[PDB]
Amino acid sequence: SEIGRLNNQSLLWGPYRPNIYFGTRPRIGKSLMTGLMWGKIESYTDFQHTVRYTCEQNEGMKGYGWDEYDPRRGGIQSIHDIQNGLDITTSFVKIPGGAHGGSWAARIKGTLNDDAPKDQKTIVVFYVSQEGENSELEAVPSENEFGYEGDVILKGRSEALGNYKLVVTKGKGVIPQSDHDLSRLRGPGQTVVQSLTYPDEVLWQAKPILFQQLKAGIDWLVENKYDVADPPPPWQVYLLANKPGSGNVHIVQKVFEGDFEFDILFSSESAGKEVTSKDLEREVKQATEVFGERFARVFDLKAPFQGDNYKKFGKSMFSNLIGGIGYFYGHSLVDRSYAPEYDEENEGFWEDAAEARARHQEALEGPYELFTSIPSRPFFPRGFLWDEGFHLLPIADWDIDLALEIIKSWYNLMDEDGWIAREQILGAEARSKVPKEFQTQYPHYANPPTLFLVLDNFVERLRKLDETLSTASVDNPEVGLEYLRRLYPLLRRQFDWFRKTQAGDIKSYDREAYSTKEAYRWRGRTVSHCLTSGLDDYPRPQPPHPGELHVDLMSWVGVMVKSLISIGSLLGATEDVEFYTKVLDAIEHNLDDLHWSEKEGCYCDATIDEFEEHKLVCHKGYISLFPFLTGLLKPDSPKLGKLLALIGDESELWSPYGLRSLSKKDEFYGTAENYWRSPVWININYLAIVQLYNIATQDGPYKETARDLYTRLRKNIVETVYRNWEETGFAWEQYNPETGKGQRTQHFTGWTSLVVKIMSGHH
Ligand SMILES: OC[C@@H]1[C@@H](O)[C@H](O)[C@@H](O)CN1CCCCCCCCc1ccco1
């Protein structure tokens, strides 16, 4: 309980709003949040198009991301904005102390790029909001008439945070001055604050709230005879009238000519002395040193990636992955009808289930909270179930206590039946990034249980103060077991939930096999898709059919039983461990009996035919290697070796750039949206690389073959991601097997980042 409270205290504050360029919030649903906004202003209508706040990716932004980050300490973020001619640094640092989760500081630095006019006007805004019934926040008024010559001090109080002061410093930088008649009523130009109150649930809507104030300002100009005959400068037209006070929103605005910097100092009163700029500098410096030392220890790049170029690459892939960590809070949209159509028991079941959806029974439920890393800051800044399985493997290396926090956070969402929604859209803010048609979660929709992989890694570590806290759950085996003891019931619940809801039909067709129980079929499939599997458009038996069996799903169950055995063993759940052992046995046999093709030489999904007999439907690709990817095969398996032939074969899956999702020989190669139908995906490649390495480092028939493919596949995967990073600055969602080019979505960190773990090795 001691270590648990120390983690709470340590992880409370962070820049946990990955959906915006820069902002802070604690791991409290209703509390204090900050956000940064900037935009050049050249005209009377331009700011609304230039201003930046939520993350996007267009021709306007060269790139951005974290150059170093640890959620316990802070980090530095770099933003390269073409539209606004600015290179921005956002440095954030945490100062432990008091009872309330410590303090923190940020420095915003903006440098004009060579293209920007030397005399650019740039509007910067710091937006602060506080939710809660019994909380207060006040801007201390200034001496001077029209705004601030110096720092803005906000004093606030809340049950969650105690007393605090949030200071936005005067800054370095030329501040432009107006000789217009308006300066008599608005001042010649200075820092300003507007204190406002709105009903709590709209506070997150910083852009509209801001724009509403600017609009009222411009309206006031027009009411008071300032016109096109003789107008003030644009930048003065968009400077807000100063009106500090109290409210649950505080708009702090500055305008700069040329380069600029300013600081935010959040001072927890319950702590010792208040935070200073000089403080922020020291801690920024200190954090970097610590980051540096830990990176070289945890991510020791092995040949041929020992070079500094690869080190910068790793540091970028790592910092963006871990930097995506967010805290989200609010209601989810869930259909709790449990319509019978979602049982998908009929032929044509996809029209049945569409009819139930068209009943629109869903409603908001919760609130819920989640602490999680995300795949994509610009496009999907939210938790995806099987994604997090992958995100946490490098994170777990860095800070196992951290990863366990995230696992806990995920498992806390599980409902009474055993279900966790595979996509976590929590609260109005999260919903703003998502069409309503795609918000609704479905209690019958699974997602690969990849979080079990991280537990598997923790379990091997457990067998064999920011320093202490990162590893406290492995260094103190009592602590480690107590975690598993508490988690175990939930793991088991989820296992049962898969077998209850994702069951395949053996007994009701002409199907002979060693076990009558073991067969699985992903609920949720449409004619062309099966989103729940993770592999959107990978070809599946056509037409979809309740007699389908999916070899990937079965292998995922295998992944879970094996973990339940390890974790059960460790807690001594003897009754349980024996159930597992009979299940793992049956899956082993059943994988072969239901999914093995001796003709094709790989594992296939199955359906039942027109004549009601079990057919194999083989599509040589990731799906076909699943038992191997998930480590279910014995190292001397004849089948394994046949699969090694497939993996290595250039005319099938082996591209210079990684394993192709689908074989070049399959009819569905590069068809339709071509999502999982040729491209190279780093997450599944990572599984292939890990499993090759296992075979390569053991006595057995395939040792040297596995070793060769490990060597080359590692090389191809790392190089492809790195060349693309070098050329484009980005991690990509997937990679083109013909050109090697990164495609689909940028800023995918995201499981692409597994590249730092591939390079560093000693699995
Ligand atoms: O990383 C999560 C998820 C993985 O779990 C799956 O394995 C993967 O197959 C698909 N990805 C991405 C899902 C994208 C969410 C849909 C809203 C995005 C809107 C858009 C579409 C184009 C650009 O923006």
# chains A, B, ... in the order shown; residues from 1 in each chain; ligands from 1
>>> residues_near_ligand(ligand="ligand 1", cutoff="10 Å", atoms="only C-alpha atoms and all ligand atoms", output="JSON, numbers by chain")
{"A": [374, 375, 376, 378, 379, 380, 381, 382, 383, 384, 385, 386, 387, 388, 422, 423, 433, 434, 435, 438, 439, 447, 448, 530, 531, 532, 533, 534, 535, 536, 537, 538, 675, 676, 681, 683, 684, 733, 734, 744, 745, 746, 748, 749, 750, 751]}
>>> select_by_dssp(residues="region 660-763 of chain A", states="helix (DSSP H, G or I)", output="NGL selection string")
:A and (682-696 or 703-728 or 751-760)
>>> write_last_selection(atoms="N, CA and C atoms", output="short mmCIF file (atom, residue, chain, number, x, y, z; two decimals), in the first residue's frame")
data_model
loop_
_atom_site.label_atom_id
_atom_site.label_comp_id
_atom_site.auth_asym_id
_atom_site.auth_seq_id
_atom_site.Cartn_x
_atom_site.Cartn_y
_atom_site.Cartn_z
N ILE A 682 4.33 -3.12 -38.25
CA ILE A 682 5.43 -3.34 -37.33
C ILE A 682 5.00 -4.24 -36.18
N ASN A 683 3.74 -4.16 -35.73
CA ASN A 683 3.36 -4.95 -34.56
C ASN A 683 3.44 -6.46 -34.83
N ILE A 684 2.89 -6.92 -35.95
CA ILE A 684 2.97 -8.34 -36.26
C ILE A 684 4.38 -8.75 -36.64
N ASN A 685 5.14 -7.86 -37.32
CA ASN A 685 6.54 -8.13 -37.61
C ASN A 685 7.32 -8.31 -36.31
N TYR A 686 6.95 -7.53 -35.27
CA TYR A 686 7.60 -7.59 -33.98
C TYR A 686 7.38 -8.97 -33.37
N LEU A 687 6.14 -9.46 -33.44
CA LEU A 687 5.89 -10.82 -32.98
C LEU A 687 6.74 -11.80 -33.79
N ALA A 688 6.84 -11.62 -35.11
CA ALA A 688 7.61 -12.59 -35.88
C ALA A 688 9.07 -12.58 -35.43
N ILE A 689 9.59 -11.38 -35.17
CA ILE A 689 11.00 -11.22 -34.86
C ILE A 689 11.30 -11.84 -33.50
N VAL A 690 10.39 -11.66 -32.53
CA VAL A 690 10.57 -12.18 -31.18
C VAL A 690 10.55 -13.70 -31.23
N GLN A 691 9.59 -14.28 -31.97
CA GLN A 691 9.48 -15.72 -32.06
C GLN A 691 10.65 -16.33 -32.83
N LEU A 692 11.17 -15.65 -33.86
CA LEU A 692 12.32 -16.19 -34.56
C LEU A 692 13.48 -16.32 -33.58
N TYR A 693 13.69 -15.26 -32.78
CA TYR A 693 14.81 -15.16 -31.87
C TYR A 693 14.76 -16.28 -30.83
N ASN A 694 13.54 -16.67 -30.46
CA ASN A 694 13.35 -17.72 -29.49
C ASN A 694 13.91 -19.03 -30.05
N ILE A 695 13.52 -19.37 -31.28
CA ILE A 695 13.94 -20.56 -32.00
C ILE A 695 15.44 -20.49 -32.29
N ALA A 696 15.96 -19.29 -32.52
CA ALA A 696 17.36 -19.11 -32.89
C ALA A 696 18.32 -19.37 -31.72
N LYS A 703 17.19 -23.98 -35.49
CA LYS A 703 18.04 -22.97 -34.89
C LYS A 703 18.74 -22.05 -35.91
N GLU A 704 19.44 -22.62 -36.90
CA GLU A 704 20.25 -21.81 -37.81
C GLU A 704 19.35 -21.10 -38.81
N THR A 705 18.27 -21.76 -39.26
CA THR A 705 17.33 -21.13 -40.17
C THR A 705 16.65 -19.93 -39.51
N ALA A 706 16.19 -20.13 -38.26
CA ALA A 706 15.55 -19.07 -37.50
C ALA A 706 16.53 -17.92 -37.29
N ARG A 707 17.77 -18.24 -36.95
CA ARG A 707 18.80 -17.26 -36.70
C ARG A 707 19.02 -16.38 -37.93
N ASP A 708 18.95 -16.98 -39.13
CA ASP A 708 19.25 -16.24 -40.34
C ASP A 708 18.13 -15.21 -40.55
N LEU A 709 16.87 -15.67 -40.43
CA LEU A 709 15.68 -14.85 -40.65
C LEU A 709 15.52 -13.79 -39.57
N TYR A 710 15.72 -14.16 -38.29
CA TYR A 710 15.85 -13.16 -37.25
C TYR A 710 16.78 -12.03 -37.71
N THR A 711 18.02 -12.39 -38.09
CA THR A 711 19.07 -11.44 -38.40
C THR A 711 18.57 -10.44 -39.44
N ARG A 712 17.99 -10.98 -40.51
CA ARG A 712 17.63 -10.22 -41.69
C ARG A 712 16.34 -9.45 -41.44
N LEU A 713 15.36 -10.12 -40.82
CA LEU A 713 14.07 -9.48 -40.57
C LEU A 713 14.24 -8.29 -39.64
N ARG A 714 15.01 -8.46 -38.54
CA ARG A 714 15.38 -7.36 -37.65
C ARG A 714 15.94 -6.18 -38.44
N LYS A 715 16.92 -6.49 -39.30
CA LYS A 715 17.57 -5.52 -40.15
C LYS A 715 16.54 -4.78 -41.02
N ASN A 716 15.75 -5.52 -41.80
CA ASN A 716 14.78 -4.96 -42.73
C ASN A 716 13.75 -4.06 -42.02
N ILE A 717 13.13 -4.57 -40.94
CA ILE A 717 12.18 -3.79 -40.14
C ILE A 717 12.81 -2.50 -39.58
N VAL A 718 13.93 -2.59 -38.86
CA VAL A 718 14.53 -1.39 -38.32
C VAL A 718 14.91 -0.40 -39.43
N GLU A 719 15.52 -0.89 -40.52
CA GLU A 719 16.01 0.03 -41.54
C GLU A 719 14.85 0.79 -42.20
N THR A 720 13.75 0.06 -42.49
CA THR A 720 12.62 0.65 -43.17
C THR A 720 12.06 1.79 -42.31
N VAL A 721 11.83 1.51 -41.01
CA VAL A 721 11.27 2.53 -40.15
C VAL A 721 12.24 3.70 -40.05
N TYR A 722 13.53 3.40 -39.92
CA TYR A 722 14.54 4.44 -39.76
C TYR A 722 14.70 5.30 -41.01
N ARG A 723 14.83 4.71 -42.22
CA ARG A 723 14.97 5.50 -43.45
C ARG A 723 13.81 6.50 -43.62
N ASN A 724 12.59 6.02 -43.28
CA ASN A 724 11.37 6.80 -43.39
C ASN A 724 11.42 7.93 -42.37
N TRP A 725 11.87 7.63 -41.14
CA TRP A 725 12.03 8.63 -40.09
C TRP A 725 13.00 9.70 -40.55
N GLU A 726 14.14 9.25 -41.09
CA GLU A 726 15.17 10.13 -41.61
C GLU A 726 14.59 11.05 -42.69
N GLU A 727 13.88 10.46 -43.66
CA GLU A 727 13.39 11.25 -44.78
C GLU A 727 12.23 12.16 -44.36
N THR A 728 11.34 11.71 -43.47
CA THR A 728 10.05 12.37 -43.31
C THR A 728 9.85 12.93 -41.90
N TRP A 751 2.35 1.40 -32.30
CA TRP A 751 3.17 0.20 -32.15
C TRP A 751 4.39 0.20 -33.07
N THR A 752 4.41 1.11 -34.05
CA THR A 752 5.61 1.30 -34.86
C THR A 752 6.87 1.44 -33.98
N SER A 753 6.70 2.13 -32.83
CA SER A 753 7.75 2.40 -31.86
C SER A 753 8.38 1.13 -31.27
N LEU A 754 7.77 -0.02 -31.49
CA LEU A 754 8.34 -1.30 -31.00
C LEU A 754 9.74 -1.47 -31.56
N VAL A 755 10.14 -0.59 -32.47
CA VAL A 755 11.42 -0.58 -33.22
C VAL A 755 12.60 -0.37 -32.26
N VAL A 756 12.38 0.39 -31.20
CA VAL A 756 13.39 0.66 -30.14
C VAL A 756 13.71 -0.63 -29.41
N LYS A 757 12.72 -1.49 -29.23
CA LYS A 757 12.89 -2.81 -28.57
C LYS A 757 13.52 -3.81 -29.54
N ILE A 758 13.21 -3.72 -30.83
CA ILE A 758 13.80 -4.60 -31.84
C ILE A 758 15.31 -4.36 -31.95
N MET A 759 15.71 -3.08 -31.89
CA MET A 759 17.11 -2.69 -32.00
C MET A 759 17.88 -3.14 -30.78
N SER A 760 17.27 -3.05 -29.59
CA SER A 760 18.04 -3.19 -28.36
C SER A 760 18.19 -4.65 -27.93
#
>>> atom_distance(atom1="CA of residue 490 (chain A)", atom2="CA of residue 11 (chain A)")
23.7 Å
>>> closest_residue(among="A:264, A:325, A:583, A:551", to="residue 617 (chain A)", atoms="only C-alpha atoms")
A:551
>>> residues_around(residues="residue 470 (chain A)", least_positions_apart="2", cutoff="10 Å", atoms="only C-alpha atoms", output="list in words")
residues 7, 72, 396, 397, 398, 399, 400, 401, 402, 403, 465, 466, 467, 468, 472, 473, 474 and 475 of chain A
>>> write_last_selection(atoms="N, CA, C and O atoms", output="short mmCIF file (atom, residue, chain, number, x, y, z; two decimals), in the first residue's frame")
data_model
loop_
_atom_site.label_atom_id
_atom_site.label_comp_id
_atom_site.auth_asym_id
_atom_site.auth_seq_id
_atom_site.Cartn_x
_atom_site.Cartn_y
_atom_site.Cartn_z
N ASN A 7 3.37 5.86 -6.16
CA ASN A 7 3.06 5.87 -7.59
C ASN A 7 1.96 6.89 -7.92
O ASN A 7 2.13 7.72 -8.81
N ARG A 72 7.27 10.66 -15.13
CA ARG A 72 7.58 10.94 -13.73
C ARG A 72 8.34 12.25 -13.57
O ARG A 72 8.26 12.85 -12.50
N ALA A 396 7.26 -0.92 -20.59
CA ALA A 396 7.51 -1.80 -19.46
C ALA A 396 9.01 -1.91 -19.19
O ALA A 396 9.45 -1.88 -18.04
N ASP A 397 9.80 -2.02 -20.26
CA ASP A 397 11.25 -1.97 -20.09
C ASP A 397 11.62 -0.72 -19.29
O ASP A 397 12.33 -0.83 -18.30
N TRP A 398 11.11 0.45 -19.71
CA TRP A 398 11.50 1.75 -19.18
C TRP A 398 11.08 1.90 -17.73
O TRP A 398 11.86 2.42 -16.94
N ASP A 399 9.88 1.42 -17.38
CA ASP A 399 9.25 1.74 -16.11
C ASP A 399 8.13 0.72 -15.90
O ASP A 399 6.97 0.99 -16.19
N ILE A 400 8.47 -0.48 -15.39
CA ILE A 400 7.47 -1.53 -15.25
C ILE A 400 6.32 -1.09 -14.35
O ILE A 400 5.17 -1.43 -14.63
N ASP A 401 6.63 -0.34 -13.29
CA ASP A 401 5.63 0.19 -12.38
C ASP A 401 4.67 1.10 -13.14
O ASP A 401 3.48 1.19 -12.79
N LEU A 402 5.19 1.76 -14.17
CA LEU A 402 4.34 2.61 -14.97
C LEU A 402 3.37 1.73 -15.76
O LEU A 402 2.16 1.99 -15.73
N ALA A 403 3.90 0.70 -16.45
CA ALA A 403 3.12 -0.12 -17.35
C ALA A 403 1.98 -0.78 -16.58
O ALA A 403 0.85 -0.88 -17.08
N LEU A 465 14.23 8.54 -6.08
CA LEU A 465 13.02 7.72 -5.76
C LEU A 465 12.27 7.43 -7.05
O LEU A 465 11.45 6.50 -7.11
N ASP A 466 12.54 8.24 -8.08
CA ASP A 466 12.03 8.00 -9.43
C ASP A 466 12.79 6.81 -10.01
O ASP A 466 12.29 6.13 -10.91
N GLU A 467 13.99 6.58 -9.47
CA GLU A 467 14.83 5.42 -9.71
C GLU A 467 14.18 4.18 -9.09
O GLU A 467 14.00 3.16 -9.77
N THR A 468 13.85 4.27 -7.79
CA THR A 468 13.28 3.18 -7.00
C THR A 468 11.90 2.82 -7.52
O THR A 468 11.60 1.64 -7.68
N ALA A 472 9.96 -0.79 -8.45
CA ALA A 472 9.54 -1.26 -7.13
C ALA A 472 8.70 -2.54 -7.18
O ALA A 472 8.71 -3.32 -6.24
N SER A 473 7.97 -2.79 -8.28
CA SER A 473 7.07 -3.93 -8.38
C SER A 473 7.80 -5.22 -8.78
O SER A 473 7.18 -6.28 -8.73
N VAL A 474 9.08 -5.13 -9.17
CA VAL A 474 9.87 -6.34 -9.40
C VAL A 474 10.91 -6.52 -8.29
O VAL A 474 11.30 -7.65 -7.99
N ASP A 475 11.37 -5.41 -7.69
CA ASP A 475 12.41 -5.46 -6.68
C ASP A 475 11.87 -5.98 -5.35
O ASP A 475 12.63 -6.50 -4.55
#
>>> residues_around(residues="residue 85 (chain A)", least_positions_apart="6", cutoff="10 Å", atoms="only C-alpha atoms", output="PyMOL selection string")
chain A and resi 39-40+60-61+110-118+120+122
>>> write_last_selection(atoms="N, CA and C atoms", output="mmCIF file, in the first residue's frame")
data_model
loop_
_atom_site.group_PDB
_atom_site.id
_atom_site.type_symbol
_atom_site.label_atom_id
_atom_site.label_comp_id
_atom_site.auth_asym_id
_atom_site.auth_seq_id
_atom_site.Cartn_x
_atom_site.Cartn_y
_atom_site.Cartn_z
ATOM 1 N N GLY A 39 -0.826 31.631 -32.813
ATOM 2 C CA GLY A 39 -1.023 31.817 -34.233
ATOM 3 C C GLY A 39 -0.485 33.168 -34.675
ATOM 4 N N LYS A 40 0.236 33.200 -35.818
ATOM 5 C CA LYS A 40 0.602 34.458 -36.457
ATOM 6 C C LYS A 40 -0.680 35.194 -36.833
ATOM 7 N N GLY A 60 0.805 22.175 -43.438
ATOM 8 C CA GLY A 60 1.009 23.374 -42.633
ATOM 9 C C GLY A 60 1.985 23.148 -41.480
ATOM 10 N N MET A 61 2.140 21.866 -41.123
ATOM 11 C CA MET A 61 2.949 21.490 -39.982
ATOM 12 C C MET A 61 3.997 20.484 -40.447
ATOM 13 N N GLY A 110 9.445 30.259 -28.514
ATOM 14 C CA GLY A 110 9.141 30.287 -29.938
ATOM 15 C C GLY A 110 10.198 31.026 -30.759
ATOM 16 N N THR A 111 10.741 30.373 -31.792
ATOM 17 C CA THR A 111 11.712 31.020 -32.664
ATOM 18 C C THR A 111 11.131 31.101 -34.071
ATOM 19 N N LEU A 112 11.117 32.296 -34.672
ATOM 20 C CA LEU A 112 10.775 32.439 -36.085
ATOM 21 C C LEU A 112 11.764 31.643 -36.945
ATOM 22 N N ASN A 113 11.249 30.960 -37.980
ATOM 23 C CA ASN A 113 12.125 30.264 -38.908
ATOM 24 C C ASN A 113 12.613 31.294 -39.914
ATOM 25 N N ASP A 114 13.562 30.895 -40.771
ATOM 26 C CA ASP A 114 14.154 31.797 -41.757
ATOM 27 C C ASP A 114 13.120 32.388 -42.720
ATOM 28 N N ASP A 115 11.974 31.734 -42.906
ATOM 29 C CA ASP A 115 11.021 32.240 -43.884
ATOM 30 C C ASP A 115 10.134 33.337 -43.286
ATOM 31 N N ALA A 116 9.833 33.238 -41.981
ATOM 32 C CA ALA A 116 8.890 34.145 -41.344
ATOM 33 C C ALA A 116 9.406 35.588 -41.391
ATOM 34 N N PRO A 117 8.509 36.580 -41.610
ATOM 35 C CA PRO A 117 8.883 37.993 -41.517
ATOM 36 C C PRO A 117 9.491 38.255 -40.153
ATOM 37 N N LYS A 118 10.691 38.870 -40.111
ATOM 38 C CA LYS A 118 11.419 39.206 -38.888
ATOM 39 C C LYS A 118 10.517 39.902 -37.861
ATOM 40 N N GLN A 120 7.124 39.416 -37.443
ATOM 41 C CA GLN A 120 5.879 38.682 -37.274
ATOM 42 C C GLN A 120 5.221 38.987 -35.932
ATOM 43 N N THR A 122 2.686 37.346 -33.389
ATOM 44 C CA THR A 122 2.238 36.023 -32.992
ATOM 45 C C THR A 122 1.458 36.175 -31.687
#
>>> atom_distance(atom1="CA of residue 97 (chain A)", atom2="CA of residue 169 (chain A)")
21.7 Å
>>> select_by_dssp(residues="region 337-461 of chain A", states="strand (DSSP E)", output="JSON, numbers by chain")
{"A": [363, 364, 365, 366, 367, 368, 369, 370, 371, 372, 383, 384, 423, 424]}
>>> closest_residue(among="A:216, A:256, A:29, A:165", to="residue 119 (chain A)", atoms="only C-alpha atoms")
A:256
>>> residues_around(residues="residue 195 (chain A)", least_positions_apart="5", cutoff="12 Å", atoms="only C-alpha atoms", output="PyMOL selection string")
chain A and resi 127-130+136-141+152+154+209-210+213+240-253
>>> write_last_selection(atoms="N, CA and C atoms", output="PDB file, in the first residue's frame")
ATOM      1  N   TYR A 127      -4.601  28.979 -21.619  1.00  0.00           N
ATOM      2  CA  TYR A 127      -5.997  28.805 -21.253  1.00  0.00           C
ATOM      3  C   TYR A 127      -6.051  27.872 -20.059  1.00  0.00           C
ATOM      4  N   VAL A 128      -6.770  28.289 -19.014  1.00  0.00           N
ATOM      5  CA  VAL A 128      -6.808  27.525 -17.786  1.00  0.00           C
ATOM      6  C   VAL A 128      -8.257  27.308 -17.387  1.00  0.00           C
ATOM      7  N   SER A 129      -8.583  26.067 -17.010  1.00  0.00           N
ATOM      8  CA  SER A 129      -9.948  25.778 -16.602  1.00  0.00           C
ATOM      9  C   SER A 129      -9.947  24.947 -15.326  1.00  0.00           C
ATOM     10  N   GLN A 130     -10.969  25.142 -14.473  1.00  0.00           N
ATOM     11  CA  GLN A 130     -11.157  24.272 -13.316  1.00  0.00           C
ATOM     12  C   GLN A 130     -12.623  23.852 -13.132  1.00  0.00           C
ATOM     13  N   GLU A 136     -12.080  26.976  -6.256  1.00  0.00           N
ATOM     14  CA  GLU A 136     -12.008  28.381  -6.593  1.00  0.00           C
ATOM     15  C   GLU A 136     -10.663  28.629  -7.261  1.00  0.00           C
ATOM     16  N   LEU A 137     -10.667  29.644  -8.145  1.00  0.00           N
ATOM     17  CA  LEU A 137      -9.508  30.098  -8.895  1.00  0.00           C
ATOM     18  C   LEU A 137      -9.654  31.579  -9.220  1.00  0.00           C
ATOM     19  N   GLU A 138      -8.659  32.386  -8.830  1.00  0.00           N
ATOM     20  CA  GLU A 138      -8.739  33.837  -8.959  1.00  0.00           C
ATOM     21  C   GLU A 138      -7.482  34.391  -9.630  1.00  0.00           C
ATOM     22  N   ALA A 139      -7.683  35.278 -10.606  1.00  0.00           N
ATOM     23  CA  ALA A 139      -6.563  36.048 -11.129  1.00  0.00           C
ATOM     24  C   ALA A 139      -6.371  37.272 -10.250  1.00  0.00           C
ATOM     25  N   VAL A 140      -5.179  37.392  -9.672  1.00  0.00           N
ATOM     26  CA  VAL A 140      -4.839  38.596  -8.941  1.00  0.00           C
ATOM     27  C   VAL A 140      -4.714  39.738  -9.943  1.00  0.00           C
ATOM     28  N   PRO A 141      -5.454  40.856  -9.725  1.00  0.00           N
ATOM     29  CA  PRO A 141      -5.417  42.015 -10.629  1.00  0.00           C
ATOM     30  C   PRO A 141      -4.049  42.691 -10.639  1.00  0.00           C
ATOM     31  N   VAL A 152       1.392  37.138 -14.432  1.00  0.00           N
ATOM     32  CA  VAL A 152       0.009  36.899 -14.042  1.00  0.00           C
ATOM     33  C   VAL A 152      -0.016  35.799 -12.972  1.00  0.00           C
ATOM     34  N   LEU A 154      -2.366  33.317 -10.723  1.00  0.00           N
ATOM     35  CA  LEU A 154      -3.681  32.775 -10.422  1.00  0.00           C
ATOM     36  C   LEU A 154      -3.547  32.011  -9.122  1.00  0.00           C
ATOM     37  N   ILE A 209     -14.740  29.106 -26.812  1.00  0.00           N
ATOM     38  CA  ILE A 209     -14.848  30.045 -25.704  1.00  0.00           C
ATOM     39  C   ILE A 209     -13.987  31.268 -26.005  1.00  0.00           C
ATOM     40  N   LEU A 210     -12.790  31.017 -26.558  1.00  0.00           N
ATOM     41  CA  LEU A 210     -11.898  32.107 -26.871  1.00  0.00           C
ATOM     42  C   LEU A 210     -12.551  32.949 -27.950  1.00  0.00           C
ATOM     43  N   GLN A 213     -15.024  35.472 -26.973  1.00  0.00           N
ATOM     44  CA  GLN A 213     -14.485  36.684 -26.367  1.00  0.00           C
ATOM     45  C   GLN A 213     -13.924  37.671 -27.412  1.00  0.00           C
ATOM     46  N   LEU A 240      -7.565  40.976 -26.148  1.00  0.00           N
ATOM     47  CA  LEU A 240      -8.792  41.043 -25.374  1.00  0.00           C
ATOM     48  C   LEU A 240      -8.722  42.216 -24.408  1.00  0.00           C
ATOM     49  N   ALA A 241      -9.889  42.793 -24.119  1.00  0.00           N
ATOM     50  CA  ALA A 241      -9.999  43.765 -23.043  1.00  0.00           C
ATOM     51  C   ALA A 241      -9.633  43.060 -21.735  1.00  0.00           C
ATOM     52  N   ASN A 242      -8.739  43.644 -20.924  1.00  0.00           N
ATOM     53  CA  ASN A 242      -8.308  43.036 -19.667  1.00  0.00           C
ATOM     54  C   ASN A 242      -9.454  43.054 -18.658  1.00  0.00           C
ATOM     55  N   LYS A 243      -9.801  41.901 -18.078  1.00  0.00           N
ATOM     56  CA  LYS A 243     -10.844  41.796 -17.064  1.00  0.00           C
ATOM     57  C   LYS A 243     -10.539  40.592 -16.181  1.00  0.00           C
ATOM     58  N   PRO A 244      -9.480  40.639 -15.343  1.00  0.00           N
ATOM     59  CA  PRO A 244      -9.179  39.514 -14.471  1.00  0.00           C
ATOM     60  C   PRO A 244     -10.242  39.503 -13.375  1.00  0.00           C
ATOM     61  N   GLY A 245     -10.333  38.374 -12.684  1.00  0.00           N
ATOM     62  CA  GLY A 245     -11.276  38.217 -11.600  1.00  0.00           C
ATOM     63  C   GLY A 245     -11.276  36.761 -11.154  1.00  0.00           C
ATOM     64  N   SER A 246     -12.461  36.316 -10.728  1.00  0.00           N
ATOM     65  CA  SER A 246     -12.592  34.898 -10.474  1.00  0.00           C
ATOM     66  C   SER A 246     -13.573  34.282 -11.470  1.00  0.00           C
ATOM     67  N   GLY A 247     -13.348  32.992 -11.748  1.00  0.00           N
ATOM     68  CA  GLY A 247     -14.207  32.120 -12.523  1.00  0.00           C
ATOM     69  C   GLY A 247     -13.553  30.750 -12.661  1.00  0.00           C
ATOM     70  N   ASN A 248     -14.207  29.848 -13.421  1.00  0.00           N
ATOM     71  CA  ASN A 248     -13.679  28.521 -13.703  1.00  0.00           C
ATOM     72  C   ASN A 248     -12.938  28.466 -15.047  1.00  0.00           C
ATOM     73  N   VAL A 249     -12.810  29.619 -15.756  1.00  0.00           N
ATOM     74  CA  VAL A 249     -11.940  29.762 -16.929  1.00  0.00           C
ATOM     75  C   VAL A 249     -11.124  31.042 -16.825  1.00  0.00           C
ATOM     76  N   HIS A 250      -9.845  30.957 -17.211  1.00  0.00           N
ATOM     77  CA  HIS A 250      -8.972  32.124 -17.205  1.00  0.00           C
ATOM     78  C   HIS A 250      -8.186  32.172 -18.503  1.00  0.00           C
ATOM     79  N   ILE A 251      -8.421  33.218 -19.302  1.00  0.00           N
ATOM     80  CA  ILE A 251      -7.747  33.348 -20.581  1.00  0.00           C
ATOM     81  C   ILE A 251      -6.569  34.301 -20.379  1.00  0.00           C
ATOM     82  N   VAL A 252      -5.348  33.812 -20.606  1.00  0.00           N
ATOM     83  CA  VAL A 252      -4.170  34.648 -20.493  1.00  0.00           C
ATOM     84  C   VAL A 252      -3.553  34.804 -21.884  1.00  0.00           C
ATOM     85  N   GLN A 253      -3.441  36.059 -22.328  1.00  0.00           N
ATOM     86  CA  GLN A 253      -3.083  36.344 -23.707  1.00  0.00           C
ATOM     87  C   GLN A 253      -1.883  37.283 -23.745  1.00  0.00           C
TER      88      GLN A 253
END
